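Right, one structure below, let's go through it.
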Ligand SMILES: C[C@H]1O[C@@H](Oc2ccccc2[N+](=O)[O-])[C@H](O)[C@@H](O)[C@H]1O
Ligand SMILES: C[C@H]1O[C@@H](Oc2ccccc2[N+](=O)[O-])[C@H](O)[C@@H](O)[C@H]1O
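Shown next, in the form of structure tokens:
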């Protein structure tokens with residue numbers, strides 16, 4: 062009936078897209094969404110707004126806000142005898158989550174790139190505050206080690222495209238010249254390919270970028286971005302209608318991993 | 062105490078930044094914010110919330126849906142009680158506006174093109190139901206005309222990146238090559254640029270593109286996108302601040318418009 066969505070700042074395109082999509086499904090069956098977004102970072106953050114939300118007596122919550130194992134648990138503790146679905150935690154966190162497959166997203170990147178002939182694979186990560194980022198990092202490691210490779214350089218941004226510039230455009234100012242980079246989201250990838258290009262190198266043939274998300278935009282980057290689609294109009298649906306039977310008292314009582322795919326475009330060669 | 066925000070799909074970027082900016086001031090004052098999301102088409106659309114958003118008893122309303130001239134009051138009535146503040150109408154309506162000086166905005170863009178040498182200019186419109194898109198075209202139109210200039214081509218579009226592509230292509234494929242395009246917003250200007258790019262041409266140098274927004278993403282297009290900057294931060298600060306000032310009688314009344322600027326990047330190199 063009325064769904065509250067607490068969501069990490071809507072600036073970044075991804076959760077702004079989740080929100081868009083949570084709605085489109087609640088619309089598909091006349092439920093109502095009220096989104097509340099969180100300050101910045103902190104657990105206290107997410108709670109303050111979870112409150113702001115519970116105060117509108119939403120018939121059920123969807124918590125799309127990066128949270129470590131511990132914090133995450135306390136938020137549910139606070140989620141107060143009302144259906145509560147987490148979208149940005151680890152699956153090892155023992156509550157009510159639906160998160161995309163970090164094991165799968167990270168394999169496919171390394172997987173594809175290793176088989177492409179690449180050796181010098183730079184890593185650009187989300188900020189390590191975000192749980193999802195840390196998984197996606199660890200993720201890449203596992204498969205680069207399983208593959209017996211050291212990353213020539215790993216790095217941190219903040220999901221902002223400009224980070225993908227500043228940071229990738231610095232790695233290069235140090236003689237660290239990869240042949241591929243695995244970029245933690247697409248927005249920073251935009252930065253990455255922008256930096257690579259301007260610093261005088263052909264993206265794709267010269268330093269191939271694999272982004273992460275297939276956000277709405279990225280079909281149009283130049284050239285357009287090989288990436289890891291997470292299907293947000295599904296995390297949209299499944300989560301809406303999970304919270305649905307979940308309101309009625311009708312399972313399922315844990316964590317559902319969602320699959321991914323590699324959208325192979327024009328920045329890998 | 063609690064501010065309600067109605068908005069066109071969050072999936073577009075600017076409303077987000079706006080929504081996010083509305084927060085950062087509510088944050089600074091100690092207001093809470095709740096945001097609900099308009100079905101992207103109709104007025105039915107928009108006032109089929111505002112309601113779904115008064116079921117929460119919001120201290121005031123900040124309304125970011127494009128509203129034609131009739132629908133404007135047709136809605137300021139529906140609230141009435143109940144202070145409200147439209148963010149997306151004409152500076153011509155007896156409601157309480159705050160918009161961006163499209164005269165200034167559209168001119169700035171024309172002028173710059175005009176002084177830069179061009180006389181073959183295309184116009185990429187916003188969606189013609191968005192009055193904010195309309196107000197712009199006419200701005201371009203009147204100033205473009207004042208220089209005794211006619212556009213080569215005029216195309217519509219849905220604000221989205223993919224249309225910027227779909228449409229710059231449908232243009233070019235006709236055999237219309239402008240030396241510089243005027244484009245409703247940056248999300249579009251992106252697909253705009255990639256369309257140029259792919260049909261063989263150099264962005265800027267062969268067809269310069271002028272955006273409208275300076276969304277966060279824009280400084281990292283390839284190349285950095287020369288655009289008009291609507292300082293969204295300010296709109297938050299101004300509208301949130303004005304909304305309190307409003308809900309206590311002691312407030313300014315009619316439309317209250319605020320300025321914009323041309324940012325010179327590398328798309329008019
Ligand atoms: C905050 C991050 O959201 C990530 O999406 C993540 C990824 C997996 C599951 C949930 C979320 N989330 O936001 O709830 C994006 O991959 C990244 O661009 C960034 O926006
Ligand atoms: C719907 C449009 O919003 C525009 O911003 C508009 C433009 C002027 C005044 C207000 C708004 N608004 O959204 O409240 C953007 O220029 C454009 O990207 C598009 O998303």
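Protein chains in written order, with full-length UniProt numbering: chain A, 62 to 330; chain B, 62 to 330.
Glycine included, C-beta positions come from ideal geometry on N, C-alpha and C.
CB-CB under 6 Å to residue i, same chain, minus the five flanking residues each way: which ones, in chain order?
| i | result |
| --- | --- |
| residue 214(A) | 183, 232 and 237 |
| residue 129(A) | 192 |
| residue 106(B) | 99 and 100 |
| residue 315(B) | none |
| residue 144(B) | 121, 307 and 308 |
| residue 33(B) | The displayed coordinates of chain B run from 62 to 330. Any statement about residue 33(B) would go beyond what the structure contains. |
Taking just the CA atoms, how far does residue j sit from residue i?
| i | j | result |
| --- | --- | --- |
| residue 226(A) | residue 89(B) | 31 Å |
| residue 273(B) | residue 186(B) | 11 Å |
| residue 102(B) | residue 285(A) | 29 Å |
| residue 154(A) | residue 70(A) | 22 Å |
| residue 334(B) | residue 299(B) | Past the boundaries of the shown model lies residue 334(B); chain B is included only from 62 to 330, so the question cannot be answered. |
| residue 119(A) | residue 306(A) | 16 Å |
| residue 167(A) | residue 223(A) | 23 Å |
| residue 288(A) | residue 275(A) | 6 Å |
| residue 23(A) | residue 112(A) | The structure shown does not extend to residue 23(A), since chain A spans only 62 to 330, so no value can be given for it. |
| residue 110(B) | residue 125(B) | 12 Å |
| residue 137(B) | residue 323(B) | 33 Å |
| residue 304(B) | residue 257(B) | 43 Å |
| residue 248(B) | residue 73(A) | 14 Å |
| residue 140(B) | residue 163(B) | 27 Å |
| residue 97(A) | residue 79(B) | 14 Å |
| residue 62(B) | residue 93(B) | 7 Å |
| residue 188(B) | residue 194(B) | 6 Å |
| residue 311(B) | residue 290(B) | 31 Å |
| residue 239(B) | residue 180(B) | 9 Å |
| residue 243(A) | residue 251(B) | 23 Å |
| residue 263(B) | residue 241(B) | 11 Å |
| residue 297(A) | residue 149(A) | 13 Å |
| residue 172(B) | residue 204(B) | 8 Å |
| residue 318(A) | residue 161(A) | 6 Å |
| residue 255(A) | residue 282(B) | 7 Å |
| residue 104(B) | residue 68(B) | 12 Å |
| residue 234(A) | residue 212(A) | 17 Å |
| residue 127(A) | residue 135(A) | 13 Å |
| residue 206(A) | residue 91(A) | 48 Å |
Count the other CB atoms within 10 Å of the CB of residue i; is the residue buried (16 or more) or exposed (fewer)?
| i | result |
| --- | --- |
| residue 190(B) | exposed |
| residue 261(A) | exposed |
| residue 320(A) | exposed |
| residue 81(B) | buried |
| residue 313(A) | exposed |
| residue 326(A) | buried |
| residue 246(B) | buried |
| residue 86(B) | buried |
| residue 108(A) | buried |
According to the Cβ coordinates, are residue i and residue j closer than 9 Å?
| i | j | result |
| --- | --- | --- |
| residue 295(A) | residue 95(B) | no |
| residue 280(B) | residue 177(B) | no |
| residue 170(B) | residue 271(B) | yes |
| residue 301(A) | residue 64(A) | yes |
| residue 228(B) | residue 199(B) | no |
| residue 221(A) | residue 77(B) | no |
| residue 133(B) | residue 293(B) | no |
| residue 219(B) | residue 278(A) | no |
| residue 142(A) | residue 175(A) | no |
Beta-carbon within less than 7 Å of residue i's beta-carbon, same chain only, minus the 5 sequence neighbours each way: which residues are those?
| i | result |
| --- | --- |
| residue 151(B) | 130, 192 and 196 |
| residue 116(B) | none |
| residue 265(B) | 284, 327, 328, 329 and 330 |
| residue 217(A) | 186, 188 and 189 |
| residue 230(A) | 256 and 260 |
| residue 201(A) | 167, 170, 171, 184 and 243 |
Which residues in the same chain as residue i place their Cβ atom closer than 8 Å to its Cβ, once the five residues preceding and following it in sequence are excluded?
| i | result |
| --- | --- |
| residue 165(B) | 320 and 321 |
Confirm the yes/no value for this check: CB of residue i, any heavy atom of ligand 3, distance under 8 Å.
| i | result |
| --- | --- |
| residue 79(A) | With respect to small molecules bound, the structure shown includes ligand 1 and ligand 2 and not ligand 3. |
Query raised in the report: Got a sec: which bits of the region 97-109 of chain B sit with their beta carbon under 9 Å from any beta carbon on chain A, in order along the chain?
Result: 97, 98 and 100
Query raised in the report: Along the region 238-258 of chain A, what residues have a CB closer than 8 Å to any CB found in chain B?
Result: 248, 251, 252, 254, 255 and 258
Query raised in the report: Just by C-beta distance, which residues in the region 72-99 of chain B are closer than 8 Å to chain A?
Result: 72, 74, 77, 78, 80, 81, 84, 88, 93, 94, 95, 96, 97 and 98
Query raised in the report: Taking any Cβ of chain B, which residues in the region 224-238 of chain A have a Cβ under 9 Å from it, in chain order?
Result: 225 and 226
Query raised in the report: Mind listing which residues of the region 113-136 of chain B have their C-beta closer than 8 Å to chain A's C-betas, in chain order?
Result: 113, 114, 116 and 117
**Report entry** Interfacial residues, the region 281-294 of chain A to chain B, with Cβ spacing under 9 Å
**Finding:** 281, 282, 283, 284 and 285
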